[PDB]
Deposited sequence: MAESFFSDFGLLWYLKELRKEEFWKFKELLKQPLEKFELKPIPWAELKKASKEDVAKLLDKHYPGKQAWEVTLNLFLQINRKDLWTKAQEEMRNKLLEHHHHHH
């Protein structure tokens, strides 16, 4: 939860139907290659965090997750996460 690049801290806060929509959007500018649905179909929140690190180096994993936070109506997590990042500039 406390790893310097870890997103699981934010992913755990998704409601059950927010998490499912997050996974749905991971399947589809977002030029990169999507995660297969095979991995996503059964994937818990812990599975997704691992899958985001497998398929996207850290900088991209964050950019995709932040953007998806905005699309599933979780602005609060988008701004909490930005805040963690900006705070490390101090």
| query | finding |
| --- | --- |
| Missing residue ranges, deposited sequence indexing starting at 1 | 1-4, 33-35, 98-104 |
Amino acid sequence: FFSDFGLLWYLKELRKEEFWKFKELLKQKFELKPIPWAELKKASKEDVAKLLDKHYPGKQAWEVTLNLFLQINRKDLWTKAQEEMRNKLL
From here on, numbers count along this sequence of modelled residues.
item: Mean C-alpha B-factor comparison - 56-64 and 34-42, higher one; value: 34-42
item: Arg74 - Cα temperature factor, lowest/middle/highest third of chain; value: middle
item: Third of chain Cα B-factors occupied by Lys16; value: highest
